[PDB]
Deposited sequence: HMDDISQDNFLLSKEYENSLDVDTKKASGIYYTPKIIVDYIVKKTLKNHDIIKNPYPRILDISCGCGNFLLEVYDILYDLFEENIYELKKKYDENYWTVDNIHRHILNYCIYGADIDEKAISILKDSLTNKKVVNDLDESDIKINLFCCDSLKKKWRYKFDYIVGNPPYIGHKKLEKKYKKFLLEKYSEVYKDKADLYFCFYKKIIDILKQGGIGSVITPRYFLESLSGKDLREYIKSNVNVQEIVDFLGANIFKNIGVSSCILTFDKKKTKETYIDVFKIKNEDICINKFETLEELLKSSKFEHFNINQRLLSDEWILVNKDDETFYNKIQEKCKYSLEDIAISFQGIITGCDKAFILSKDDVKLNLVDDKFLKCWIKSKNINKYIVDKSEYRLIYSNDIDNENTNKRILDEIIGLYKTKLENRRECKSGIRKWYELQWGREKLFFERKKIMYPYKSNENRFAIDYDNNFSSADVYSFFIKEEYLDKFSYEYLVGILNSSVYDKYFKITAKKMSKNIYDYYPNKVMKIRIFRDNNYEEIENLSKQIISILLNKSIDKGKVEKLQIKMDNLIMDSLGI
């Protein structure tokens, strides 16, 4: 439950908040970490503070009580008035307390360390500087009893599938003094995610965001599947409202390339651009001027969105795939009448323009009337996981029988011509499904509304949607998950805007040529790339880019 932040990032975060502190004007700064752990940040705060006091000790001695301000008194002063920490783990607090003590009995100095829940603590005062790495706990791994507390007391930032670190953002902001500075490393997903919409609104309207360091899919925490960003914000009265954005360019770099993180930020490994905080909508579109011009051209030119013209839906959720999904060559499928069997595909089966032939079959068990008529299917296939099936939420409440699919959706939505795409991918992969394929929630589908069929065809749509233009266009606002992975979920895919002009016929014809080649047995892959290049030129011409 304890995570170690890399030292190069700890040093950067502490420097970001304290490098320009006027210790002569205010020799009593309050620096807080509300998930301090063993003290990765606080122990570094001590070192920075000690040099700060020692470098100006005679100036403080002259300006203030000359007996109080001596070098031998710096250690006691820092612990009494400057360093504050909180963590739920008692053992970590005890270790940090020893570490701070060992920086030097005489007078039994008191240390401001609290073993508590930082989201419930009654904070008796606000703080000049707040740093640290909060806990990240999503909606599956958080206790329901605790989530009831969060939904009640942190509703301004925490609803639905929000994360625990949203609340730490709110708590840090609320107890930051006027003119104070906060700097934290959290997951990056709130920058684009639907869940973070309220959190983004809370940050934008309560603090000035100085800087966002976006590591994208780079691996900052070794052996941890998370993508990181560093946010620095303040409560200073400033007319200027511009954010420094540092966005990494190569996700494969090692974080220890230089001795300092700021060396990496200034280098060619990162790009820098500024964003006007006043121009942030509910979405934070953090791109350079070239991409903003590119994005705005497409938005203005396109009069339709996919949501306008299409019906979206998520795939089947069985609740226990091993009980219902079988290999098409499994001998146990001889027990299942073919009326119960559906073709089943995974996200990896989706390519551009077409789906691979399915290798798995879904038992649509919802169509099994009762347990007596098809006892063989229940006893020998589905019942092998009856205990796990009975633990599903809708089975415990009696809504579903133990052998039914948890979310079987509507069969008629899948058994039709439609477009399918993987839920997480490195690139746009929109395919026309001709084979009534079913899938789990790792594949999303949509079909065109009847009233828009004479304006848009499936062949045209997969043409533009798979183009290099729309690959770049979608990724401008897409949710970056891990290295070379973006979420392709309807909450953003359905916002993709599309156009219709004089190039419609040739774009559609090129797409049909690609599909015809891809479906050939002696498939000529090379010519497909040439046709794609020609289609990209038409699309770039159509959108004036």
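> Against the full deposited sequence, which stretches does the structure leave out?
Seq positions lacking coordinates: 1-28, 133-137.
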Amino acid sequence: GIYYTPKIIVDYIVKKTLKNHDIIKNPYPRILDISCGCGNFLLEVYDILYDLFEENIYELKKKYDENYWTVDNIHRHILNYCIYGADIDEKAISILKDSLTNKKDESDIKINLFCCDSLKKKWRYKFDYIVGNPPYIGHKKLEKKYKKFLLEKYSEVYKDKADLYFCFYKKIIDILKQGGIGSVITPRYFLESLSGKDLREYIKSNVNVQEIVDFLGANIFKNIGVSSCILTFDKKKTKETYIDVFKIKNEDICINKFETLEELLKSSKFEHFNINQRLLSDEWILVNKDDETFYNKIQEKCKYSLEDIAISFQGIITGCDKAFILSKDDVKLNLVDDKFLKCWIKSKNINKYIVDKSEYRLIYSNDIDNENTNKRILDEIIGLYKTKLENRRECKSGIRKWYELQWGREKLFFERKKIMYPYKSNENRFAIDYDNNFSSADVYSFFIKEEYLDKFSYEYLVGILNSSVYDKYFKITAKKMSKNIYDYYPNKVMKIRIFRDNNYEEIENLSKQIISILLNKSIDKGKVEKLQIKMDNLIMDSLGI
From here on, numbers count along this sequence of modelled residues.
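Take the two forms, superpose them, and find the largest set of C-alpha atoms that agree within 1.5 Å; that set is the rigid core.
> Out of 255-263 and 140-148, which shows the greater rigid core-aligned C-alpha deviation in 8 other deposited structures of this protein?
Between 255-263 and 140-148, the one lying farther away in 8 other deposited structures of this protein is 255-263.
> With reference to the PDB entry, specify whether the mean Cα temperature factor is higher for 509-517 or for 65-73.
Per the PDB entry, the higher value belongs to 65-73.
> Highest mean C-alpha temperature factor of the two stretches 122-130 and 305-313, which is it?
Per the PDB record, 122-130.
> Looking at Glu394, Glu427, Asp108, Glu459, which has the highest CA B-factor as recorded?
Spelled out: the listed residue with the top C-alpha B-factor is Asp108.
> Go through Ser183, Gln210, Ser227, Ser267 one by one and give the residue whose Cα B-factor in the PDB entry is largest.
In the PDB entry, the greatest C-alpha B-factor among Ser183, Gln210, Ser227, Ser267 is found at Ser267.
> Should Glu55 be placed in the lowest, middle or highest third of its chain by the C-alpha B factor in the entry?
It belongs to the highest third of the chain when residues are ordered by C-alpha B-factor.
> How does the C-alpha B factor of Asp11 compare with the rest of the chain: lowest, middle or highest third?
Middle third.
> Considering every modelled residue of the chain and its Cα B-factor in the PDB entry, is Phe438 in the lowest, middle or highest third?
CA B-factor rank for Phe438: lowest third.
> Please say which third, lowest, middle or highest, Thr17 falls into when its CA temperature factor is compared across its chain.
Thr17: CA B-factor falls in the middle third of its chain.
> For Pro27, does the deposited CA B-factor place it in the lowest, middle or highest third of the chain?
As the PDB entry reports it, the C-alpha B-factor of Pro27 lands in the middle third of its chain.
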